[PDB]
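**Student:** Could you have a look at this structure, given as structure tokens, before my questions?
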Amino acid sequence: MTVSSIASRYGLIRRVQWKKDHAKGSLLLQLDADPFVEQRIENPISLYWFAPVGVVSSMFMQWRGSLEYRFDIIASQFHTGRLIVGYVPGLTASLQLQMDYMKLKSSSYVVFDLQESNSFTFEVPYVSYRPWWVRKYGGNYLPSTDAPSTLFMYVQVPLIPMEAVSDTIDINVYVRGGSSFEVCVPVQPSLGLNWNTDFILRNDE
Amino acid sequence: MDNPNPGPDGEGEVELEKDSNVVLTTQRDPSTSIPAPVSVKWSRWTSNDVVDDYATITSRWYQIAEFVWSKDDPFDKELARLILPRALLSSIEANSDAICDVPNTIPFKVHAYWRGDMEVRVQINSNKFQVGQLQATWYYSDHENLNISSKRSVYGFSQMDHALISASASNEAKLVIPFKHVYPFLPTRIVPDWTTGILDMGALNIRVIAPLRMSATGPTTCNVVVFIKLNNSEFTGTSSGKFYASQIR
Amino acid sequence: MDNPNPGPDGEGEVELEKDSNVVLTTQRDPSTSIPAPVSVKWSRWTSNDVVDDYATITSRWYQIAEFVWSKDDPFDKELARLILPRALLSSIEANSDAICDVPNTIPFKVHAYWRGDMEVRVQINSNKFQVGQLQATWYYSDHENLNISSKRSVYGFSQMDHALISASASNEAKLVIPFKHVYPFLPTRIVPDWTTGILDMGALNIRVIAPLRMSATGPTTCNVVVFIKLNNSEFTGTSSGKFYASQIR
Amino acid sequence: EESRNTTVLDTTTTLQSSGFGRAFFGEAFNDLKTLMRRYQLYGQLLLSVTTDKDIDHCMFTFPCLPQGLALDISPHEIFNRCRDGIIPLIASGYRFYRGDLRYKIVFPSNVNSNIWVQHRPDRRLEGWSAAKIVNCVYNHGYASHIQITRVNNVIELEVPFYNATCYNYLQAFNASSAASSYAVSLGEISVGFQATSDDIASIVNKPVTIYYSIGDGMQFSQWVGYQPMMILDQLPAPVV
Amino acid sequence: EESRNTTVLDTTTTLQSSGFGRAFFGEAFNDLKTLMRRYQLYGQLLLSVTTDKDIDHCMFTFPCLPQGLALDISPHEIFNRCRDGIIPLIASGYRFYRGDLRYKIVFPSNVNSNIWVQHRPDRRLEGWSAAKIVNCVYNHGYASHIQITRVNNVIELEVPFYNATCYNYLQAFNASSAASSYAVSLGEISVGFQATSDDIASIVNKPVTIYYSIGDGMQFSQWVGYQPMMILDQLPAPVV
Amino acid sequence: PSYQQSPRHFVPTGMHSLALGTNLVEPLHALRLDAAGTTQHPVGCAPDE
């Protein structure tokens, strides 16, 4: 039992549809480069999946280190694709827009060709001013910070499938903590179980 | 040989071309056609200013032209006459921003005189059922000839060494292009002895040889992406960035 | 000693401070006041990106504030509260051009996170008949205190180590300023955990101690120039230059 | 396979590891077991005298388990607000466990009477319902201890592992197999007073808090993935 | 340069150093750090029950910092009269700090209920205002401790350095940078009771005193000169 | 490690002895700043008696 024993387990975190007619700049995910990856399940409170590195980050105050996200691009060898997995350090919410692949390739990026091999584990860098990084969510407390950095995934060259196979392709996005991942300060966890999803309000009337 | 056992990861080995932080892969083996051997640094003969290498920032790869190629393009047809030290800037000033936003090209903004060898990849992402074959050819100083309008054809550029892209196997064309010009430096802005033809080395031109031939139910589109690395560059003659005019559209 | 024989070249030895291509001289010996010892590189703890030195281009000296100082300025009076990693940019964006025109500061345009030690010279060119004495003082994180409005005075900044400029001998104040902040990196643009206080290290503030005292027929003006070298810098987190907002006026 | 790695496409240089905070803060955190021994609130109750109880009568009984209780949210503002704490959030990630527990039960101030505390490994756990603190006799051969309120009103405990098992279930238990109810709790701890009927009336509606931690014997089994989680800032504010 | 020395014009013979009082008084004083571990009053409050508080409710919360509080002067005759004490007077002379703090919170006599105390490194400090003691729930994963009033009504603490920083600001903090609020306090200590609503009414307007000291981990950074000072005998006498 | 060994079994008293003035280590709360500190007598301040 070990933090790095948990952080070396992939957890499936995002289903990305990848169609034929997606253009050569269309966004597939702008998801945050923290372990706290948002996956929403469809109660008056909502429940979420997380990566194991996401939860075991959510039992700590601070985290640092790489984040190896695995892109498993489920296709035949007859499909040919190409897509950037880019990574920009330090984009705020107002800079969450203005994003495309042409402004992405200035930063660090990896172009992949979907061919006879269909899977690659990109290693998200840890690029920040701070040695650690505060938990995104914290306790039930409206102050206490978004991601250090943002991943992006644009379709560099669109899917050109053969006419015997399908127009659409699933892309699964796993999240695993990197080899340099480490967490330090034990604080109040930001996540609770769903054994008892009952909640009681405290209005005063 | 003869035991293909594909799992969840497909079959083939994904080969890298790791560099500074842009890392790009291809599934297929390249077909390089080096035109000339590697050149010398050339800083000893005509620059006493601080001749600074920038291999940590300028040797990143950069997409400069992607384009759709369908079956309607005929036999002997141009696709892109990329002029490579220009097109690295022309894709930037075409793509709605200045030079100071892209970390590959800020030494062109600061320094005035450039030298350096280029690396050029022309990736295709054709389906396997398509039949076709592009060619990529580097030519030196296309705009310094008037008779290239007679030559701009597949039969002329086949005689010189040239890379080939078969759309059958979705081959990739790596293409080393060493710097060879009459003067050993290309300037980056308007310069007191020439202005026209700024930062021009010649034509990377991508001529179709075999057009897309498919069924009636065939995949019509075939996108082609061109990346460029710039590794053994030297920059000299530091000056102000306000002198740098925009490149020509 | 005691044999001054001046020729056409004057008397004194002109001492250099050669660097990259900006070379600047002073006639007089400096008075450095180093506040803290030299710091470590700090790239091992929080950056896996390409941490590239730029000592060929960023270690040039650069004028960031010149100003007129006359005798009408009183005893305890500010002249310039230069915030030094900002004022290197603020003099640029004040001086009618963007960052991409100055070769010192283009890695601030490309990269997002900065670290580095500074060198700061405050040259004076006073006449010998003038009597006066400026002081230069480096303070760490001026804007991260509210009580500096009680402290912003010559008596407070005299207690910490500080350089002195006598207008009698036209002394020069070299001033090594090593990088020391709470977090080991200063960001260069709007960053997801702080925005306000971008690239702020603290105050270089030039407080008058002895004002200009001259005759009735005296030289009233006394211009003061401030140069800055930026040598042990590291830049990390490469991103697009279109993200870089302008600095605050 | 889950933990496979098809093609690494790393851009990074090798990061300096801090040694999990040992370099900065002077202490490691990679071992989660050494975090588990930090105490966490187990379950807080309010005393309620129902009958004129005999001195033998247990005041409350509760099963003893590292899984965290059936969460009892006038709500308790911690269990309304701070959901689950740490130890069931880790214990969600493991199907089984085996080992000791520590308790350190804290008693209020206005009580003075002597306190007896029992471990009962005979008691099974029938379903996830009624796996909480229960406000209800003293027994001989069960493992016992008396803390005196007048010396110090906080007892401490090292409740051992008494099961005839290889390990025990760690997720929330639905009581499928009838003998499997013997294999969830470590047993059953009962807290009872020696207070007479006159003086226990003053102690009504006084809080009795119980903490818990594992205490170096606990060794978790086979990994199981986490359940769906609730994000705590999404919980509503008390509109006034 | 500040500390230069142009021309010494000494008249003196060399003085016998006492070794900073070691020769007379049997103890050195040159190291100011060994003076810093002498305890100083941090902030004294008066208890005030606003609502019929739950047992979970913190009675007061306060940020934890060696800078000295936002000084809260019916004035408190110490903070009206004896301004600032020692440790912020030294801490005026350094822009940054890094290290531990000790607390030793002292509770009044008429209280009897159990006391829980939290460290919360999640809490930032928003401005120099509201950086004082605040009369307002209990939480799980924060570092916790219960002192029992009946054994001894003075808790003691070693609150560590939990920041993701190189060091932290030591002058009074105006909250310029938004993330810099994470880097001033060590965290936030909260003191809350387990007292019910009936017995906490007796404890209203009882003083709760908090002390502080650094405890050998503190290492101050870069020198900064002192601010302007107030001379204490110049303060007026209470004319009767 | 759990320390299960059974602990000591003492007697409290409120005050140290008073008539004892000899080879006997007396614990106090010194208002001196130093734990090893003792009042001292320099070269002229060593008393005669």
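Each chain in the structure tokens gets a letter, A, B and so on, in the order shown; residues start at 1 in every chain, and ligands are counted from 1 in the order they appear.
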Show me, as an NGL selection string, the residues that have an atom within 9 Å of region 75-78 of chain A when counting only C-alpha atoms, minus same-chain residues fewer than 6 positions from it.
**Tutor:** (:A and (114-118 or 161-162 or 165 or 169-171)) or (:B and (10-11 or 127-129))
**Student:** Could you fit chain B onto chain C with a least-squares superposition over all C-alpha atoms, matched one to one in order, and give me the transformed chain as a short mmCIF file (atom, residue, chain, number, x, y, z; two decimals) with C-alpha atoms, in the first residue's frame?
**Tutor:**
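Contents of superposed_34.cif, freshly written:
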```cif
data_model
loop_
_atom_site.label_atom_id
_atom_site.label_comp_id
_atom_site.auth_asym_id
_atom_site.auth_seq_id
_atom_site.Cartn_x
_atom_site.Cartn_y
_atom_site.Cartn_z
CA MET B 1 52.12 58.68 -6.32
CA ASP B 2 51.53 62.38 -7.07
CA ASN B 3 52.48 62.78 -10.73
CA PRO B 4 49.45 63.62 -12.92
CA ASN B 5 50.63 64.15 -16.51
CA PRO B 6 47.54 64.47 -18.73
CA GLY B 7 47.93 64.23 -22.48
CA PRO B 8 45.42 64.36 -25.33
CA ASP B 9 43.73 61.22 -23.99
CA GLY B 10 42.99 62.71 -20.58
CA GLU B 11 44.38 60.94 -17.55
CA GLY B 12 42.32 58.07 -16.24
CA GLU B 13 41.99 54.48 -17.33
CA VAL B 14 38.66 53.71 -18.99
CA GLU B 15 37.44 50.49 -17.43
CA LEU B 16 35.21 48.14 -19.40
CA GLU B 17 32.43 45.75 -18.50
CA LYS B 18 32.49 43.71 -21.71
CA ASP B 19 29.60 41.31 -22.29
CA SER B 20 27.73 40.37 -25.39
CA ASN B 21 27.74 43.09 -27.99
CA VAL B 22 26.66 45.91 -25.65
CA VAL B 23 29.87 47.13 -24.02
CA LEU B 24 29.64 49.99 -21.55
CA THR B 25 32.25 51.91 -19.60
CA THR B 26 32.51 54.16 -16.59
CA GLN B 27 35.34 56.49 -15.61
CA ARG B 28 34.94 55.86 -11.88
CA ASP B 29 35.08 52.84 -9.63
CA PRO B 30 31.69 51.33 -8.71
CA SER B 31 30.17 50.87 -5.27
CA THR B 32 28.35 47.55 -5.28
CA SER B 33 26.09 46.45 -2.45
CA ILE B 34 25.29 42.77 -2.96
CA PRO B 35 22.26 41.88 -0.80
CA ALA B 36 22.32 38.08 -0.98
CA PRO B 37 24.67 35.34 -2.20
CA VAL B 38 24.43 33.67 -5.59
CA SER B 39 21.53 31.25 -5.97
CA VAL B 40 21.26 27.81 -7.53
CA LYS B 41 19.99 27.07 -11.04
CA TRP B 42 16.68 25.55 -9.76
CA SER B 43 15.77 23.61 -12.88
CA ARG B 44 16.04 20.03 -11.68
CA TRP B 45 12.79 21.10 -8.97
CA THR B 46 9.84 22.24 -10.96
CA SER B 47 10.45 22.22 -14.71
CA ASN B 48 10.66 19.25 -17.06
CA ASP B 49 10.33 21.39 -20.18
CA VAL B 50 13.32 22.57 -22.19
CA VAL B 51 15.01 24.92 -19.73
CA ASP B 52 17.19 26.90 -22.10
CA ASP B 53 19.83 29.43 -21.16
CA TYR B 54 20.05 32.56 -23.29
CA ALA B 55 23.28 34.12 -22.11
CA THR B 56 24.25 35.08 -25.66
CA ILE B 57 21.24 37.38 -26.03
CA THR B 58 19.75 38.13 -22.62
CA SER B 59 23.01 39.07 -20.91
CA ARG B 60 23.23 42.27 -22.94
CA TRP B 61 22.86 45.49 -21.00
CA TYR B 62 19.76 47.57 -21.58
CA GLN B 63 18.80 51.12 -20.66
CA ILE B 64 15.46 51.11 -18.86
CA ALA B 65 15.16 54.51 -17.19
CA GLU B 66 16.88 57.79 -17.78
CA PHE B 67 15.58 60.88 -16.05
CA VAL B 68 16.43 64.48 -15.35
CA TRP B 69 17.37 65.28 -11.76
CA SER B 70 17.62 68.97 -10.93
CA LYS B 71 18.09 70.91 -7.71
CA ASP B 72 14.36 71.50 -7.29
CA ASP B 73 13.91 67.93 -6.07
CA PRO B 74 13.88 68.06 -2.26
CA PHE B 75 15.67 66.01 0.40
CA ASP B 76 13.59 62.84 0.83
CA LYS B 77 12.16 62.44 -2.64
CA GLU B 78 11.66 59.51 -4.95
CA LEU B 79 13.01 59.57 -8.45
CA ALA B 80 12.15 56.17 -9.90
CA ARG B 81 10.61 53.10 -8.27
CA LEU B 82 11.78 50.72 -10.95
CA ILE B 83 10.43 47.21 -10.65
CA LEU B 84 13.19 45.49 -12.45
CA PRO B 85 11.85 42.41 -14.26
CA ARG B 86 8.85 44.58 -15.12
CA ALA B 87 10.73 47.76 -16.00
CA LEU B 88 12.80 45.90 -18.58
CA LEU B 89 9.48 45.32 -20.30
CA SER B 90 7.78 48.54 -19.20
CA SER B 91 10.45 50.69 -20.82
CA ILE B 92 9.90 48.71 -24.02
CA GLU B 93 6.12 48.96 -24.10
CA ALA B 94 6.46 52.58 -23.04
CA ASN B 95 8.97 53.17 -25.84
CA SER B 96 6.51 52.73 -28.71
CA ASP B 97 7.21 49.11 -29.67
CA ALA B 98 6.41 45.55 -28.70
CA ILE B 99 8.60 42.92 -27.08
CA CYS B 100 9.54 41.21 -30.35
CA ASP B 101 11.70 44.14 -31.48
CA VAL B 102 14.20 43.96 -28.58
CA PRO B 103 16.49 40.89 -28.58
CA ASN B 104 16.90 40.97 -24.81
CA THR B 105 13.29 40.14 -24.08
CA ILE B 106 11.98 37.78 -26.77
CA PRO B 107 12.33 34.75 -24.43
CA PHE B 108 9.82 36.51 -22.21
CA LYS B 109 7.57 36.62 -25.28
CA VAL B 110 7.99 32.93 -26.04
CA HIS B 111 8.48 31.26 -22.67
CA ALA B 112 6.03 31.63 -19.83
CA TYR B 113 8.12 31.12 -16.69
CA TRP B 114 11.27 33.05 -15.82
CA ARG B 115 14.04 32.84 -13.27
CA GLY B 116 17.31 34.71 -13.02
CA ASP B 117 19.85 36.93 -11.36
CA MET B 118 20.08 40.58 -12.36
CA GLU B 119 22.89 43.09 -12.70
CA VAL B 120 21.93 46.74 -12.37
CA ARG B 121 24.05 49.79 -13.05
CA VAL B 122 22.92 53.30 -12.19
CA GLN B 123 25.22 55.70 -13.99
CA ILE B 124 25.28 59.41 -13.28
CA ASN B 125 26.93 62.10 -15.38
CA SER B 126 27.12 64.94 -12.90
CA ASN B 127 29.62 67.76 -13.18
CA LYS B 128 32.37 67.78 -10.57
CA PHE B 129 31.33 71.14 -9.12
CA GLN B 130 27.92 69.78 -8.15
CA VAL B 131 27.35 68.44 -4.65
CA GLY B 132 24.79 65.70 -4.21
CA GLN B 133 24.28 62.06 -3.39
CA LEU B 134 21.61 59.70 -4.66
CA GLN B 135 21.12 56.24 -3.23
CA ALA B 136 20.04 53.08 -4.97
CA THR B 137 18.44 50.35 -2.92
CA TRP B 138 17.08 46.99 -3.89
CA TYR B 139 14.09 45.78 -1.91
CA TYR B 140 12.39 42.40 -2.28
CA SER B 141 8.65 42.38 -3.09
CA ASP B 142 7.70 46.00 -2.47
CA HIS B 143 4.17 45.50 -3.74
CA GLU B 144 3.68 42.52 -1.42
CA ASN B 145 3.72 44.90 1.57
CA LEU B 146 1.24 47.62 2.42
CA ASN B 147 3.51 49.25 5.00
CA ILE B 148 6.17 50.31 2.50
CA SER B 149 4.22 53.57 2.31
CA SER B 150 5.54 54.16 5.81
CA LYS B 151 8.99 52.94 4.87
CA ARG B 152 9.54 54.59 1.46
CA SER B 153 12.17 56.96 2.79
CA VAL B 154 15.91 57.29 2.92
CA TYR B 155 16.20 56.34 6.56
CA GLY B 156 14.51 52.99 6.07
CA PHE B 157 16.43 52.02 2.98
CA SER B 158 19.73 53.13 4.50
CA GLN B 159 19.57 50.38 7.11
CA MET B 160 19.58 47.64 4.53
CA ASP B 161 22.56 47.41 2.23
CA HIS B 162 22.38 49.98 -0.53
CA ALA B 163 24.57 51.64 -3.13
CA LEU B 164 25.46 55.33 -3.04
CA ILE B 165 26.05 57.80 -5.84
CA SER B 166 27.99 60.92 -4.99
CA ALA B 167 27.45 63.63 -7.59
CA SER B 168 30.77 65.16 -6.56
CA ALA B 169 32.98 62.47 -8.06
CA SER B 170 30.22 61.22 -10.42
CA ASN B 171 30.36 57.78 -8.84
CA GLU B 172 28.59 54.85 -10.46
CA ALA B 173 26.47 52.30 -8.63
CA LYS B 174 26.88 48.79 -9.88
CA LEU B 175 24.39 46.62 -8.03
CA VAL B 176 24.25 42.84 -8.23
CA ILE B 177 20.74 41.63 -7.47
CA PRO B 178 20.39 37.85 -7.14
CA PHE B 179 16.98 36.35 -7.66
CA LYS B 180 15.22 35.71 -4.37
CA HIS B 181 11.46 35.32 -4.23
CA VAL B 182 9.08 33.08 -2.30
CA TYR B 183 8.41 30.94 -5.31
CA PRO B 184 11.51 30.11 -7.32
CA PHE B 185 10.01 31.31 -10.61
CA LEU B 186 8.52 34.57 -11.78
CA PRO B 187 5.86 34.11 -14.47
CA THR B 188 5.78 36.38 -17.49
CA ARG B 189 2.07 36.46 -18.34
CA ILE B 190 -1.33 35.74 -16.80
CA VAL B 191 -0.98 32.46 -14.93
CA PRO B 192 -3.69 30.22 -13.41
CA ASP B 193 -2.79 30.84 -9.80
CA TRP B 194 -1.86 34.49 -9.78
CA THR B 195 -2.43 37.28 -12.27
CA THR B 196 -1.80 40.52 -10.36
CA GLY B 197 1.83 41.21 -9.59
CA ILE B 198 3.17 39.70 -12.78
CA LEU B 199 6.98 39.36 -13.03
CA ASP B 200 7.41 41.47 -9.88
CA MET B 201 10.53 41.04 -7.80
CA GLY B 202 10.48 44.27 -5.82
CA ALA B 203 11.61 47.87 -5.93
CA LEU B 204 14.71 49.35 -7.29
CA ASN B 205 14.10 52.78 -5.87
CA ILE B 206 16.39 55.74 -6.30
CA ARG B 207 15.96 58.08 -3.36
CA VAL B 208 17.70 61.45 -3.13
CA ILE B 209 19.79 62.02 -0.03
CA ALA B 210 21.87 65.09 -0.82
CA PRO B 211 20.14 67.36 -3.35
CA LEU B 212 22.00 69.32 -5.99
CA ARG B 213 23.69 72.27 -4.35
CA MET B 214 25.40 74.59 -6.79
CA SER B 215 26.22 78.25 -7.27
CA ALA B 216 23.84 80.79 -8.74
CA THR B 217 25.56 80.08 -12.06
CA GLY B 218 25.40 76.34 -11.51
CA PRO B 219 24.59 73.41 -13.75
CA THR B 220 20.99 72.67 -12.84
CA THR B 221 20.40 69.43 -14.71
CA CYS B 222 21.84 66.07 -13.77
CA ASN B 223 20.70 63.16 -15.91
CA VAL B 224 20.67 59.64 -14.46
CA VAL B 225 20.73 56.53 -16.64
CA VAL B 226 19.94 53.00 -15.46
CA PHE B 227 21.18 49.90 -17.30
CA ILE B 228 20.33 46.28 -16.55
CA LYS B 229 22.07 43.01 -17.46
CA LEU B 230 20.23 39.72 -17.12
CA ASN B 231 22.74 36.89 -17.03
CA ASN B 232 21.87 33.73 -15.10
CA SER B 233 18.35 33.57 -16.44
CA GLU B 234 16.46 30.41 -17.15
CA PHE B 235 13.29 30.30 -19.21
CA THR B 236 10.85 27.43 -19.14
CA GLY B 237 7.38 26.56 -20.25
CA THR B 238 7.39 27.33 -23.95
CA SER B 239 4.06 28.68 -25.18
CA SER B 240 2.62 30.89 -27.87
CA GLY B 241 3.46 34.57 -27.97
CA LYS B 242 -0.16 35.50 -28.59
CA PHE B 243 -0.89 34.65 -24.96
CA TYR B 244 1.50 37.31 -23.70
CA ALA B 245 -0.52 40.31 -22.63
CA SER B 246 1.07 43.73 -22.40
CA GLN B 247 2.58 44.74 -19.10
CA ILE B 248 0.91 47.36 -16.96
CA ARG B 249 1.65 51.03 -17.67
#
```
**Student:** Write out as a tab-separated table (two decimals) with N, CA, C and O atoms, in the first residue's frame the residues lying within 12 Å of residue 80 (chain E), counting only C-alpha atoms and excluding same-chain residues fewer than 2 positions away.
**Tutor:**
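Resulting contents of around_37.tsv:
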```tsv
chain	number	residue	atom	x	y	z
E	71	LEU	N	-3.31	43.89	15.22
E	71	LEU	CA	-3.33	44.14	16.65
E	71	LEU	C	-4.67	44.69	17.09
E	71	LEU	O	-5.09	45.78	16.69
E	72	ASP	N	-5.35	43.93	17.95
E	72	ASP	CA	-6.67	44.26	18.44
E	72	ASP	C	-6.47	44.93	19.80
E	72	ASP	O	-6.25	44.26	20.80
E	73	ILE	N	-6.54	46.27	19.80
E	73	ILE	CA	-6.54	47.00	21.06
E	73	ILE	C	-7.81	46.68	21.83
E	73	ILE	O	-7.78	46.49	23.06
E	74	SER	N	-13.77	49.64	26.18
E	74	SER	CA	-13.00	48.66	26.95
E	74	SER	C	-11.89	48.12	26.06
E	74	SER	O	-12.09	47.18	25.29
E	75	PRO	N	-10.70	48.72	26.13
E	75	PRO	CA	-9.56	48.17	25.39
E	75	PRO	C	-8.86	47.10	26.19
E	75	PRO	O	-8.95	47.05	27.42
E	76	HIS	N	-8.15	46.23	25.49
E	76	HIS	CA	-7.24	45.31	26.15
E	76	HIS	C	-6.03	46.10	26.59
E	76	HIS	O	-5.33	46.68	25.76
E	77	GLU	N	-5.78	46.13	27.90
E	77	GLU	CA	-4.81	47.07	28.46
E	77	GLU	C	-3.39	46.72	28.05
E	77	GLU	O	-2.51	47.59	28.05
E	78	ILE	N	-3.14	45.46	27.69
E	78	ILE	CA	-1.83	45.11	27.15
E	78	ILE	C	-1.66	45.67	25.74
E	78	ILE	O	-0.69	46.36	25.45
E	82	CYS	N	1.10	47.90	26.10
E	82	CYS	CA	2.36	47.28	25.69
E	82	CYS	C	2.25	46.89	24.22
E	82	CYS	O	1.70	45.85	23.85
E	83	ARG	N	2.77	47.75	23.37
E	83	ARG	CA	2.58	47.59	21.94
E	83	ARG	C	3.49	46.50	21.40
E	83	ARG	O	4.68	46.47	21.70
E	84	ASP	N	2.88	45.54	20.70
E	84	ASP	CA	3.49	44.58	19.78
E	84	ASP	C	4.35	43.48	20.39
E	84	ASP	O	4.45	42.40	19.81
E	85	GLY	N	4.86	43.66	21.59
E	85	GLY	CA	5.85	42.74	22.13
E	85	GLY	C	7.12	42.63	21.31
E	85	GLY	O	7.57	43.57	20.65
E	232	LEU	N	7.24	54.21	23.74
E	232	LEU	CA	6.07	53.81	24.50
E	232	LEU	C	5.78	54.72	25.68
E	232	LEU	O	4.62	54.85	26.08
E	235	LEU	N	3.20	57.57	25.17
E	235	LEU	CA	1.78	57.30	25.23
E	235	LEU	C	1.17	57.96	26.46
E	235	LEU	O	1.80	58.02	27.52
E	236	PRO	N	-0.06	58.48	26.36
E	236	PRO	CA	-0.61	59.29	27.45
E	236	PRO	C	-1.02	58.46	28.66
E	236	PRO	O	-1.32	57.27	28.57
E	237	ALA	N	-1.02	59.12	29.81
E	237	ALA	CA	-1.47	58.49	31.03
E	237	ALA	C	-2.99	58.60	31.15
E	237	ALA	O	-3.59	59.55	30.65
E	238	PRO	N	-3.63	57.63	31.79
E	238	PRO	CA	-5.09	57.71	31.97
E	238	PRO	C	-5.52	58.71	33.02
E	238	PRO	O	-5.61	58.35	34.21
```
**Student:** Within 6 Å of chain A, which residues of chain E show up when using only C-alpha atoms, listed as JSON, numbers by chain?
**Tutor:** {"E": [140, 141, 142, 164]}
**Student:** Would you save the residues from that selection as an mmCIF file, in the first residue's frame, using C-alpha atoms?
**Tutor:**
```cif
data_model
loop_
_atom_site.group_PDB
_atom_site.id
_atom_site.type_symbol
_atom_site.label_atom_id
_atom_site.label_comp_id
_atom_site.auth_asym_id
_atom_site.auth_seq_id
_atom_site.Cartn_x
_atom_site.Cartn_y
_atom_site.Cartn_z
ATOM 1 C CA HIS E 140 -11.852 14.950 9.373
ATOM 2 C CA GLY E 141 -8.648 15.047 7.440
ATOM 3 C CA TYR E 142 -7.145 18.192 8.884
ATOM 4 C CA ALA E 164 4.302 24.906 -1.332
#
```
**Student:** Which of region 61-164 of chain A end up as helix (DSSP H, G or I) when DSSP is run on this backbone - answer as an MDAnalysis selection string?
**Tutor:** chainID A and resid 101:104
**Student:** Skip residue 107 (chain E) itself and residues of its chain fewer than 5 positions away, then list as a ChimeraX atom specification all residues within 10 Å of it, counting only C-alpha atoms.
**Tutor:** /E:112,115,149,152-155,206-210
**Student:** Write the residues you've just listed into a file as a compact mmCIF listing (two decimals), in the first residue's frame, and include C-alpha atoms for each of them.
**Tutor:**
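Listing of part33.txt after writing:
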```
# COMPACT_ATOMS: atom_id res chain seq x y z
CA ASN E 112 -14.82 21.82 31.57
CA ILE E 115 -11.43 20.99 23.23
CA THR E 149 -10.05 20.44 30.15
CA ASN E 152 -5.16 20.15 32.09
CA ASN E 153 -6.73 23.20 30.46
CA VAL E 154 -3.68 24.17 28.42
CA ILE E 155 -3.09 22.53 25.07
CA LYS E 206 -14.25 34.18 29.78
CA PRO E 207 -10.78 34.89 28.35
CA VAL E 208 -8.98 32.41 26.11
CA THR E 209 -5.32 33.29 25.70
CA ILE E 210 -3.03 32.07 22.93
```
**Student:** When the cut-off is 8 Å and we count only C-alpha atoms, which residues of chain E are near chain D, given as an MDAnalysis selection string?
**Tutor:** chainID E and resid 54:57 112:114 137:141 143:144 148:151 161:162 194:196
**Student:** Contacts between chain D and chain F, please, where a residue of chain F counts if it comes within 9 Å (with only C-alpha atoms); show its shortest atom pair and distance in Å to one decimal, rows by chain and ascending number, as JSON lines.
**Tutor:**
```
{"residue": "F:1", "atom": "CA", "partner": "D:216", "partner_atom": "CA", "distance": 6.5}
{"residue": "F:2", "atom": "CA", "partner": "D:215", "partner_atom": "CA", "distance": 6.9}
{"residue": "F:4", "atom": "CA", "partner": "D:158", "partner_atom": "CA", "distance": 8.4}
```
**Student:** Limited to C-alpha atoms, could you put the picked residues into a file as a PDB file, in the first residue's frame?
**Tutor:**
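New file result-v6.pdb:
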```
ATOM      1  CA  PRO F   1       4.496   0.323  16.998  1.00  0.00           C
ATOM      2  CA  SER F   2       1.830  -0.276  19.607  1.00  0.00           C
ATOM      3  CA  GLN F   4       1.091  -2.402  25.062  1.00  0.00           C
TER       4      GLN F   4
END
```
**Student:** Please report the interatomic distance between CA of residue 63 (chain E) and CA of residue 185 (chain E) in Å with one decimal.
**Tutor:**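 Spanning CA of residue 63 (chain E) to CA of residue 185 (chain E) is a straight-line distance of 6.1 Å.
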**Student:** Pick out the residues sitting within 7 Å of residue 156 (chain D), and hand them over as a ChimeraX atom specification; count only C-alpha atoms, and ignore anything fewer than 4 positions along from it in its own chain.
**Tutor:** /D:103-105
